[PDB]
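A quick write-up on the structure given underneath.
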Amino acid sequence: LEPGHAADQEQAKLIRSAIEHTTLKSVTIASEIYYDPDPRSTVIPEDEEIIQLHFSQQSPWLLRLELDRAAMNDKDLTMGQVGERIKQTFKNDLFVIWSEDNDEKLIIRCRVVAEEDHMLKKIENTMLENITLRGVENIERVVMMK
Amino acid sequence: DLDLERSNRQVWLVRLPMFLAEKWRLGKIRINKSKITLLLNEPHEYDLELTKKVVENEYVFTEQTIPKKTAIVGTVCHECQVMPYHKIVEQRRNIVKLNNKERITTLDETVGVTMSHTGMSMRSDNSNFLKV
Amino acid sequence: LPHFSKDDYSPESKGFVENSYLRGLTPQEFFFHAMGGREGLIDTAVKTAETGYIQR
Amino acid sequence: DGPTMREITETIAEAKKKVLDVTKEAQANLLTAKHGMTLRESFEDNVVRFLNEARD
Amino acid sequence: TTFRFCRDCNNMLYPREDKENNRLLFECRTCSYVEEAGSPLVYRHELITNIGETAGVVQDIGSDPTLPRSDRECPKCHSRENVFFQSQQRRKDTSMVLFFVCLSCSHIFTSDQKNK
Amino acid sequence: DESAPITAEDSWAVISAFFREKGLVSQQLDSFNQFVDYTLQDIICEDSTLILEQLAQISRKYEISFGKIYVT
Amino acid sequence: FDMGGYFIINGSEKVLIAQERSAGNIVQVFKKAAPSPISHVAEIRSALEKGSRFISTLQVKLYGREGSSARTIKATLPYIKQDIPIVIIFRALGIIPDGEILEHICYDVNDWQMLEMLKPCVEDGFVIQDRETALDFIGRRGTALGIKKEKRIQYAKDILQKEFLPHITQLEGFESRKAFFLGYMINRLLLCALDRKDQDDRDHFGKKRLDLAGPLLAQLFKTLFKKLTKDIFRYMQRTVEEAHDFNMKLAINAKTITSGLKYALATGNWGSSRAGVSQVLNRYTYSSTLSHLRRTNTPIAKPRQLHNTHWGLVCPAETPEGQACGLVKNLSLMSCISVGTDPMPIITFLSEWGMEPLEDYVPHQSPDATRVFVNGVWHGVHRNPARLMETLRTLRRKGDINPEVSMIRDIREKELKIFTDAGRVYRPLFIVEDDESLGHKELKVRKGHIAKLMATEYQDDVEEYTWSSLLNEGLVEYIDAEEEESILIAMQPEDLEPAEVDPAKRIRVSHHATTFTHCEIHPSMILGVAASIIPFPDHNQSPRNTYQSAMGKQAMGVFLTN
Amino acid sequence: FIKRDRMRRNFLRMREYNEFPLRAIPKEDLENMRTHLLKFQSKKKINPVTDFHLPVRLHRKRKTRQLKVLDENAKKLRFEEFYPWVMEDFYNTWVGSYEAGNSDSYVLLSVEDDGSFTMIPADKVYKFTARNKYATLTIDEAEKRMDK
Ligand SMILES: [Zn+2]
Ligand SMILES: [Zn+2]
């Protein structure tokens with residue numbers, strides 16, 4: 001590190017959070033696909049809260065996934081900046097919603113403009129593997145040493 | 001000209017033990033109303049288990065591209081299995097585990113006789129084989 | 001070894017030799033010590049076999 | 001000497017109590033491993049460290 | 001995920017979108033057998049797998065001499081005679097949390113004091 | 001008594017009763033003896049039959065088969 | 001004092017060193033850490049028990065790395081070039097529906113993961129849905145010498161009835177059985193892919209088979225006998241074709257067998273395939289001959305390192321140094337090699353107690369049925385392995401079944417392997433019984449049997465009480481390295497069996513374990529011949545025991561009296 | 001602490017019901033007809049032959065001096081009869097195959113009008129499979145369609 005910012009742990013945590021590779025699959029507990037034809041209304045009774053907030057022609061098929069809050073902590077992340085990353089990845093073809101940090105259950109939902117399931121499953125592979133949330137390539141397990 | 005005779009006949013399939021089956025290659029069944037046995041002729045009595053109660057899609061036919069004479073017998077009604085002085089049968093089952101083969105026999109002669117029969121022994125022909 | 005229980009993480013069963021060469025060793029310790037000896041011999045042999053090629 | 005043999009027996013015994021305590025805390029899932037290793041690696045490092053410390 | 005099979009065909013029922021009534025259906029592409037949908041769920045990946053740790057539990061698990069014995073009592077029947085073993089899921093990040101198997105009611109109660 | 005547990009030294013006797021029966025090199029003798037006893041008859045009997053097919057114009061055949069082998 | 005156990009060729013004492021090879025007819029799975037598209041390989045070397053010596057090996061490959069989707073399964077077949085999916089083979093075996101295929105592969109409907117990974121194979125199996133189109137598919141894929149299709153469909157069916165899985169049998173109609181076994185191999189491959197089972201270890205000594213003079217002379221005499229028959233028939237065809245007289249002296253030659261056996265037992269080669277089998281007997285001393293005849297060789301995980309399965313079977317100290325270190329092994333003092341028996345009476349005896357055949361098996365009607373395996377062949381299941389196992393063990397201890405047969409009952413795997421093949425290395429151990437009149441566990445052998453035994457020993461009035469009398473009464477049992485996985489052995493009898501100190505004695509373990517099934521005769525028997533001469537090897541480091549075990553094969557002494 | 005080698009001197013100094021009879025049908029009917037078994041593979045529970053409709057039909061569909069290999073009897077007789085039979089109408093199709101292994105011991109207890117039974121030894125056993133339910137195929141069309 002630099003001689004000016006020496007003997008500092010928080011700065012080294014920022015540098016580690018700036019170079020250590022992170023991916024979307026790292027934070028992902030599980031994902032699941034739903035058939036929900038109406039774009040706005042959702043059959044799922046829980047996510048209705050999200051439906052109430054994050055809203056205020058598209059695919060009938062829903063892609064949904066859940067993240068580990070502990071992963072959101074150990075690897076510092078924001079549901080917002082994640083949704084930003086995906087939105088600036090696929091651009092406008094895939095509509096995106098993500099749950100709040102306040103939610104005790106982290107939820108992310110996405111849709112598109114044969115069966116829609118296969119298309120979604122392709123997008124699943126792209127999401128898990130081909131998205132890097134932060135950090136430069138080929139860097140892992142940065143260890144602090146005095 | 002295949003013709004179904006009846007198929008209404010009900011047949012029971014039985015998985016017998018080997019000595020009685022090879023013996024069959026007559027008794028009296030006693031149906032006890034859910035436990036049934038068999039009183040053979042002098043000799044043992046045998047409880048036959050209701051192996052499979054429902055036994056559909058199984059039938060029995062007989063035979064008297066090459067079409068042949070085909071006749072249909074009856075439907076299979078119940079899958080069964082005969083279950084078994086039992087100490088003698090257990091001893092016979094232990095006794096079947098004693099099969100062996102004969103070992104190689106060592107010729108004990110004076111060798112010179114056999115070794116004389118090996119090579120040239122001034123004895124030819126004596127057997128017609130590939131003699132043209 | 002088939003002389004201990006399953007899922008045993010005790011140090012004695014995992015290779016710790018608490019006895020000394022003055023009072024002898026137990027079989028389950030002499031076996032592991034034999035493994036370490038054979039491993040030492042093999043390691044020395046490989047280190048020499050590669051040391052020669054490096055030397056050339 | 002005798003007292004030295006008893007001091008060695010107690011030295012090893014204290015390390016055995018430490019490995020048993022870390023073993024119970026590991027079986028109770030009450031020990032979180034540090035960054036870079038897993039629970040089993042840190043546990044083996046602690047046990048091996050205690051055994052080598054008692055032997056030294 | 002827990003899909004059904006066709007009748008007579010016994011083939012897997014691929015999901016078919018119903019655009020007329022706008023509702024999910026299950027079809028067989030070999031035949032014309034299409035049944036309704038009792039759930040919108042179709043696919044679940046479940047990345048982080050935690051099942052399989054307690055695999056291979058049999059009714060005759062109490063007669064295993066190789067397995068150890070403990071004296072901790074069961075929370076249900078309060079029987080101190082039980083047999084414990086760790087998780088059956090073999091993986092690097094698998095915790096060493098013990099699994100207690102009572103020899104009376106056959107209940108599987110663990111020893112984790114953090115999460116139960 | 002006769003139903004008393006054995007000791008550690010007593011086990012040595014058992015080992016004696018082992019080496020009196022087997023011997024230090026009994027595996028080669030047992031394997032070789034079993035080879036001579038059964039393996040010869042098995043190899044001879046597993047592929048002894050060979051036939052020659054002779055044609056004439058009436059068909060004809062010849063056969064040679066090996067039976068019980070004899071060792072000296 | 002001449003121990004014998006060797007041959008004499010041209011006045012030279014030749015010794016046939018015990019060869020070591022791997023076993024067959026066992027499903028194995030391995031991982032591939034290479035960038036190859038195959039992630040796991042399910043190898044199984046299939047071969048008959050006697051005759052022909054089959055080398056064909058079936059392989060079930062799993063394509064697609066972890067993380068990526070569309071992970072199909074494709075298994076190779078002999079004489080067929082490209083690989084064929086498993087479901088298409090299931091169509092070629094007579095099973096058309098896919099629910100029955102998933103019913104044969106996965107035996108648990110509650111598990112969704114294996115069935116989930118089966119989906120792509122059910123898709124390609126949807127592409128080809130007919131049995132006749134599958135037989136024509138395998139007929140068109142491999143072996144193009146049939147030319148005609150009508151002969152390549154029946155020829156492919158004959159391949160599936162004969163060359164496909166040489167073990168079990170080779171008759172027509174056994175396609176259901178082989179379908180269940182194939183679904184079992186797929187269940188082991190996918191079950192290994194779900195990280196529920198570790199990679200199959202090849203260093204386990206129980207999965208290894210040794211070869212003495214028996215198997216070697218079986219291969220040699222087999223090939224020489226085949227050549228003899230072929231030559232005799234050649235003389236027959238020459239005789240009938242050239243139209244002459246026949247003679248028994250010109251048809252059957254003796255220099256083929258004499259030159260074959262004399263040449264193979266004379267030279268190091270066993271026909272380069274195999275070399276170094278026959279070595280001159282080392283007569284430097286008596287322990288050099290004892291340790292020389294018991295010497296076992298291993299042809300070229302790390303095989304040189306000492307494995308934990310070598311306890312009581314291979315000497316942990318007696319090993320040479322140099323290039324052949326750890327590849328040469330020595331038999332421990334009470335270790336023997338099996339000779340092989342007959343599995344037919346056992347298979348015949350199992351079906352008399354309700355052992356359901358394999359072709360009648362339904363996993364939905366009997367999910368808790370225990371599978372029975374005889375030499376790797378799956379003959380059927382049984383819904384009561386407790387009483388059956390107790391019966392086979394009681395009849396195994398009485399002397400009916402040959403004690404060389406090793407039977408294992410894997411509880412978690414829910415299997416019961418039976419090994420009666422030649423080549424396994426076993427060792428005798430005592431039998432421990434828990435039900436006694438004292439209230440605790442105690443050995444089966446008592447003091448009266450020891451008194452009669454020593455009476456016969458020192459008497460040689462006699463009582464004819466020897467080792468065989470100790471074995472037939474159920475007091476001592478042989479255990480290989482496979483059964484050793486399912487037993488608990490005790491070291492000292494009077495130190496670990498009863499239930500509860502001078503500082504000069506060594507510290508030992510405790511007796512918290514109660515389910516001791518067997519007990520070690522004596523630990524000092526784990527050493528070989530050369531290490532047995534060492535005085536107090538416990539108080540000495542291991543490499544010195546190895547160096548002394550190496551110097552004990554060249555010291556001056558008196559080998560014999562003649 | 002020493003090896004006790006004087007054990008020779010120590011050992012030398014120390015030493016309501018219903019009964020119904022069974023009968024065997026005369027062997028003439030066994031010489032006239034051979035009894036085989038039927039087992040279906042369509043999962044459907046019912047499937048009787050009355051619901052199979054009519055007309056039910058079950059029918060089976062120069063060199064010098066050289067060398068021959070050999071072969072035995074029963075296996076040859078079973079090898080020459082490599083034509084499986086089929087039952088159809090004029091449509092449902094059922095094609096059976098041999099079972100072989102389920103020979104062993106199988107005795108039939110045919111129930112007549114009276115309470116007694118007639119026992120007949122089973123010759124063989126066959127597994128019938130309902131064929132051509134969907135009605136489709138292709139051969140070369142599937143070989144070219146599988147190359148995508
Ligand atoms: Zn269908
Ligand atoms: Zn309980």
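Order determines the names: the first chain of the structure tokens is A, the second B, and so forth; residues in each chain are numbered 1 upward, and ligands are numbered 1 upward as they are shown.
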Q.
Distance limit 7 Å, reference ligand 2, atoms considered: only C-alpha atoms and all ligand atoms. Which residues make the cut? Give them as a ChimeraX atom specification.
A. /E:74-79,102-107
Q. Do you know which residues are within 7 Å of ligand 1 using only C-alpha atoms and all ligand atoms? Can you write them as a list in words?
A.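 Counting only what the definition allows, namely only C-alpha atoms and all ligand atoms, the set is residues 6, 7, 8, 9, 10, 11, 28, 29, 30, 31, 32 and 33 of chain E.
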Go ahead and save the residues from that selection, with N, CA, C and O atoms, as a JSON list (two decimals), in the first residue's frame.
[["chain", "number", "residue", "atom", "x", "y", "z"],
["E", 6, "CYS", "N", -47.18, -38.64, -18.46],
["E", 6, "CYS", "CA", -48.40, -38.79, -19.22],
["E", 6, "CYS", "C", -49.08, -40.12, -18.89],
["E", 6, "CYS", "O", -48.48, -41.04, -18.33],
["E", 7, "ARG", "N", -50.36, -40.21, -19.24],
["E", 7, "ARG", "CA", -51.10, -41.46, -19.14],
["E", 7, "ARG", "C", -50.91, -42.25, -20.43],
["E", 7, "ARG", "O", -50.89, -41.68, -21.52],
["E", 8, "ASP", "N", -50.75, -43.57, -20.28],
["E", 8, "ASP", "CA", -50.45, -44.48, -21.38],
["E", 8, "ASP", "C", -49.08, -44.21, -21.98],
["E", 8, "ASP", "O", -48.27, -45.14, -22.14],
["E", 9, "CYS", "N", -48.79, -42.95, -22.30],
["E", 9, "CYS", "CA", -47.48, -42.62, -22.87],
["E", 9, "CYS", "C", -46.39, -42.66, -21.81],
["E", 9, "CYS", "O", -45.25, -43.03, -22.11],
["E", 10, "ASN", "N", -46.71, -42.26, -20.58],
["E", 10, "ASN", "CA", -45.77, -42.22, -19.46],
["E", 10, "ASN", "C", -44.58, -41.30, -19.72],
["E", 10, "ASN", "O", -43.57, -41.36, -19.01],
["E", 11, "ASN", "N", -44.67, -40.44, -20.73],
["E", 11, "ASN", "CA", -43.60, -39.50, -21.01],
["E", 11, "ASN", "C", -43.75, -38.26, -20.13],
["E", 11, "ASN", "O", -44.83, -37.97, -19.60],
["E", 28, "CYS", "N", -48.05, -33.46, -23.34],
["E", 28, "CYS", "CA", -47.24, -34.58, -23.77],
["E", 28, "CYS", "C", -47.18, -34.32, -25.27],
["E", 28, "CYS", "O", -48.22, -34.23, -25.92],
["E", 29, "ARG", "N", -45.98, -34.20, -25.84],
["E", 29, "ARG", "CA", -45.88, -33.93, -27.27],
["E", 29, "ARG", "C", -46.03, -35.18, -28.13],
["E", 29, "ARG", "O", -46.20, -35.06, -29.34],
["E", 30, "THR", "N", -45.99, -36.37, -27.53],
["E", 30, "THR", "CA", -46.25, -37.59, -28.29],
["E", 30, "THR", "C", -47.73, -37.71, -28.63],
["E", 30, "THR", "O", -48.09, -38.14, -29.73],
["E", 31, "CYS", "N", -48.61, -37.33, -27.70],
["E", 31, "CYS", "CA", -50.04, -37.55, -27.85],
["E", 31, "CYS", "C", -50.77, -36.23, -27.67],
["E", 31, "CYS", "O", -50.21, -35.13, -27.79],
["E", 32, "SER", "N", -52.07, -36.32, -27.37],
["E", 32, "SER", "CA", -52.93, -35.16, -27.17],
["E", 32, "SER", "C", -53.43, -35.09, -25.73],
["E", 32, "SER", "O", -54.57, -34.68, -25.47],
["E", 33, "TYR", "N", -52.60, -35.50, -24.78],
["E", 33, "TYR", "CA", -52.94, -35.48, -23.36],
["E", 33, "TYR", "C", -52.36, -34.22, -22.73],
["E", 33, "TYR", "O", -51.14, -34.10, -22.59]]
Q.
Neighbouring residues of residue 19 (chain C) were defined as those with any atom within 10 Å, considering only C-alpha atoms; residues of the same chain fewer than 6 positions away were excluded. Please report them as an NGL selection string.
A. (:C and (25-26 or 29)) or (:G and (505-508))
**Q.** 10 Å contact set for residue 325 (chain G), only C-alpha atoms, chain neighbours under 3 positions out, as a list in words
**A.**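 Using only C-alpha atoms, the neighbours found are residues 38, 41, 42 and 45 of chain C; 304, 305, 319, 320, 321, 322, 328 and 329 of chain G.
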File of the preceding selection, N, CA, C and O atoms, as a PDB file, in the first residue's frame:
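out.pdb, written as the output of this step:
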ATOM      1  N   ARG C  38       8.449 -44.627   5.389  1.00  0.00           N
ATOM      2  CA  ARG C  38       8.401 -44.930   3.961  1.00  0.00           C
ATOM      3  C   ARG C  38       8.223 -43.662   3.138  1.00  0.00           C
ATOM      4  O   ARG C  38       8.844 -43.510   2.077  1.00  0.00           O
ATOM      5  N   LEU C  41      11.594 -41.993   2.903  1.00  0.00           N
ATOM      6  CA  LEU C  41      12.473 -42.662   1.948  1.00  0.00           C
ATOM      7  C   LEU C  41      12.084 -42.326   0.512  1.00  0.00           C
ATOM      8  O   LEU C  41      12.944 -41.999  -0.317  1.00  0.00           O
ATOM      9  N   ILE C  42      10.788 -42.399   0.200  1.00  0.00           N
ATOM     10  CA  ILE C  42      10.327 -42.087  -1.152  1.00  0.00           C
ATOM     11  C   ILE C  42      10.647 -40.641  -1.506  1.00  0.00           C
ATOM     12  O   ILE C  42      11.135 -40.346  -2.605  1.00  0.00           O
ATOM     13  N   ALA C  45      14.279 -40.253  -2.242  1.00  0.00           N
ATOM     14  CA  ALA C  45      14.608 -40.863  -3.528  1.00  0.00           C
ATOM     15  C   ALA C  45      14.206 -39.963  -4.689  1.00  0.00           C
ATOM     16  O   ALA C  45      14.971 -39.798  -5.649  1.00  0.00           O
TER      17      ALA C  45
ATOM     18  N   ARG G 304       3.511 -46.178  -4.215  1.00  0.00           N
ATOM     19  CA  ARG G 304       4.691 -46.457  -3.408  1.00  0.00           C
ATOM     20  C   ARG G 304       4.450 -46.198  -1.926  1.00  0.00           C
ATOM     21  O   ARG G 304       5.047 -46.873  -1.080  1.00  0.00           O
ATOM     22  N   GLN G 305       3.594 -45.236  -1.594  1.00  0.00           N
ATOM     23  CA  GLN G 305       3.314 -44.930  -0.198  1.00  0.00           C
ATOM     24  C   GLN G 305       2.512 -46.053   0.452  1.00  0.00           C
ATOM     25  O   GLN G 305       1.719 -46.738  -0.200  1.00  0.00           O
ATOM     26  N   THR G 319      10.885 -53.614   2.977  1.00  0.00           N
ATOM     27  CA  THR G 319      10.740 -53.108   1.620  1.00  0.00           C
ATOM     28  C   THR G 319      12.108 -52.691   1.115  1.00  0.00           C
ATOM     29  O   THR G 319      12.901 -52.148   1.900  1.00  0.00           O
ATOM     30  N   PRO G 320      12.433 -52.936  -0.149  1.00  0.00           N
ATOM     31  CA  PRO G 320      13.745 -52.546  -0.670  1.00  0.00           C
ATOM     32  C   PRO G 320      13.827 -51.041  -0.903  1.00  0.00           C
ATOM     33  O   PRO G 320      12.828 -50.323  -0.903  1.00  0.00           O
ATOM     34  N   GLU G 321      15.057 -50.575  -1.106  1.00  0.00           N
ATOM     35  CA  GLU G 321      15.331 -49.172  -1.368  1.00  0.00           C
ATOM     36  C   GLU G 321      15.911 -49.010  -2.766  1.00  0.00           C
ATOM     37  O   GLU G 321      16.592 -49.901  -3.281  1.00  0.00           O
ATOM     38  N   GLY G 322      15.636 -47.859  -3.373  1.00  0.00           N
ATOM     39  CA  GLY G 322      16.085 -47.586  -4.722  1.00  0.00           C
ATOM     40  C   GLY G 322      14.946 -47.228  -5.652  1.00  0.00           C
ATOM     41  O   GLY G 322      14.034 -46.492  -5.269  1.00  0.00           O
ATOM     42  N   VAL G 328       7.728 -53.340  -4.442  1.00  0.00           N
ATOM     43  CA  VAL G 328       7.879 -54.682  -3.899  1.00  0.00           C
ATOM     44  C   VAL G 328       7.286 -54.696  -2.500  1.00  0.00           C
ATOM     45  O   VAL G 328       7.439 -53.740  -1.728  1.00  0.00           O
ATOM     46  N   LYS G 329       6.567 -55.770  -2.190  1.00  0.00           N
ATOM     47  CA  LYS G 329       5.873 -55.920  -0.923  1.00  0.00           C
ATOM     48  C   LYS G 329       6.182 -57.296  -0.365  1.00  0.00           C
ATOM     49  O   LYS G 329       6.577 -58.207  -1.095  1.00  0.00           O
TER      50      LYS G 329
END
Please provide the set of residues having any atom within 10 Å of residue 8 (chain C), restricted to only C-alpha atoms, with same-chain residues fewer than 6 positions apart removed, written as a PDB file with N, CA, C and O atoms, in the first residue's frame.
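Everything below was put into around29.pdb:
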ATOM      1  N   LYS C  14      -6.015 -39.943  15.325  1.00  0.00           N
ATOM      2  CA  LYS C  14      -5.656 -39.254  14.094  1.00  0.00           C
ATOM      3  C   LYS C  14      -4.153 -39.213  13.842  1.00  0.00           C
ATOM      4  O   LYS C  14      -3.723 -38.611  12.853  1.00  0.00           O
TER       5      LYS C  14
ATOM      6  N   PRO E  68     -20.808 -45.172  16.724  1.00  0.00           N
ATOM      7  CA  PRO E  68     -20.516 -44.917  18.138  1.00  0.00           C
ATOM      8  C   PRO E  68     -21.788 -44.905  18.980  1.00  0.00           C
ATOM      9  O   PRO E  68     -22.893 -45.155  18.501  1.00  0.00           O
ATOM     10  N   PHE E  85     -23.927 -39.445  14.276  1.00  0.00           N
ATOM     11  CA  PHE E  85     -23.010 -39.416  13.146  1.00  0.00           C
ATOM     12  C   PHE E  85     -23.153 -38.077  12.439  1.00  0.00           C
ATOM     13  O   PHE E  85     -24.221 -37.463  12.455  1.00  0.00           O
TER      14      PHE E  85
END
Please check the contacts: residues of chain B at most 8 Å away from chain G, using only C-alpha atoms, listed as a JSON list (two decimals) with N, CA and C atoms, in the first residue's frame.
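New file iface_3.json:
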[["chain", "number", "residue", "atom", "x", "y", "z"],
["B", 17, "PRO", "N", -41.31, -75.38, -4.49],
["B", 17, "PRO", "CA", -39.93, -75.78, -4.22],
["B", 17, "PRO", "C", -39.48, -76.86, -5.20],
["B", 93, "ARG", "N", -31.08, -79.37, 2.38],
["B", 93, "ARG", "CA", -30.58, -78.10, 1.87],
["B", 93, "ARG", "C", -29.14, -77.85, 2.29],
["B", 94, "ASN", "N", -28.75, -78.29, 3.49],
["B", 94, "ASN", "CA", -27.35, -78.23, 3.88],
["B", 94, "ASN", "C", -26.54, -79.28, 3.13],
["B", 96, "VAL", "N", -27.01, -80.35, -0.02],
["B", 96, "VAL", "CA", -26.75, -79.97, -1.40],
["B", 96, "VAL", "C", -25.48, -79.14, -1.55],
["B", 97, "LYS", "N", -24.94, -78.58, -0.47],
["B", 97, "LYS", "CA", -23.69, -77.81, -0.51],
["B", 97, "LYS", "C", -22.46, -78.69, -0.35],
["B", 119, "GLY", "N", 6.24, -92.49, -28.22],
["B", 119, "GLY", "CA", 6.88, -92.40, -29.51],
["B", 119, "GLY", "C", 6.73, -93.64, -30.36],
["B", 129, "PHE", "N", -9.16, -94.03, -39.38],
["B", 129, "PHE", "CA", -9.49, -92.61, -39.21],
["B", 129, "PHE", "C", -8.64, -91.80, -40.17],
["B", 130, "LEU", "N", -9.29, -91.09, -41.09],
["B", 130, "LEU", "CA", -8.61, -90.28, -42.10],
["B", 130, "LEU", "C", -7.64, -91.13, -42.92],
["B", 131, "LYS", "N", -8.08, -92.33, -43.31],
["B", 131, "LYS", "CA", -7.24, -93.26, -44.04],
["B", 131, "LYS", "C", -7.45, -93.20, -45.55],
["B", 132, "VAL", "N", -8.50, -92.51, -46.01],
["B", 132, "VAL", "CA", -8.89, -92.40, -47.43],
["B", 132, "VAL", "C", -8.58, -93.66, -48.24]]
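The shell of residues at most 12 Å from residue 85 (chain B), with only C-alpha atoms counted and near chain neighbours (fewer than 3 positions) removed, consists of residues 43, 44, 45, 46, 88, 89, 90, 91 and 92 of chain B.
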Save the residues we just selected, N, CA and C atoms, as a PDB file, in the first residue's frame?
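Done, and the output landed in selection-v2.pdb:
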ATOM      1  N   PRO B  43     -46.561 -85.847   1.318  1.00  0.00           N
ATOM      2  CA  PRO B  43     -47.163 -86.121   2.627  1.00  0.00           C
ATOM      3  C   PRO B  43     -47.349 -84.859   3.466  1.00  0.00           C
ATOM      4  N   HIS B  44     -46.477 -83.873   3.266  1.00  0.00           N
ATOM      5  CA  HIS B  44     -46.494 -82.672   4.082  1.00  0.00           C
ATOM      6  C   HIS B  44     -47.693 -81.789   3.741  1.00  0.00           C
ATOM      7  N   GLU B  45     -48.027 -80.909   4.682  1.00  0.00           N
ATOM      8  CA  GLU B  45     -48.985 -79.834   4.460  1.00  0.00           C
ATOM      9  C   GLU B  45     -48.218 -78.538   4.234  1.00  0.00           C
ATOM     10  N   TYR B  46     -48.721 -77.698   3.330  1.00  0.00           N
ATOM     11  CA  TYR B  46     -47.998 -76.504   2.902  1.00  0.00           C
ATOM     12  C   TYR B  46     -48.915 -75.292   2.932  1.00  0.00           C
ATOM     13  N   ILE B  88     -35.515 -82.441   8.177  1.00  0.00           N
ATOM     14  CA  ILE B  88     -34.972 -83.250   7.091  1.00  0.00           C
ATOM     15  C   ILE B  88     -34.790 -82.420   5.827  1.00  0.00           C
ATOM     16  N   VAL B  89     -35.719 -81.500   5.559  1.00  0.00           N
ATOM     17  CA  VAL B  89     -35.575 -80.620   4.404  1.00  0.00           C
ATOM     18  C   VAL B  89     -34.431 -79.634   4.606  1.00  0.00           C
ATOM     19  N   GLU B  90     -34.244 -79.156   5.839  1.00  0.00           N
ATOM     20  CA  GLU B  90     -33.123 -78.268   6.123  1.00  0.00           C
ATOM     21  C   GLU B  90     -31.796 -79.006   6.001  1.00  0.00           C
ATOM     22  N   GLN B  91     -31.758 -80.267   6.434  1.00  0.00           N
ATOM     23  CA  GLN B  91     -30.546 -81.062   6.282  1.00  0.00           C
ATOM     24  C   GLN B  91     -30.271 -81.370   4.818  1.00  0.00           C
ATOM     25  N   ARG B  92     -31.317 -81.602   4.021  1.00  0.00           N
ATOM     26  CA  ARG B  92     -31.115 -81.807   2.591  1.00  0.00           C
ATOM     27  C   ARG B  92     -30.609 -80.535   1.919  1.00  0.00           C
TER      28      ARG B  92
END
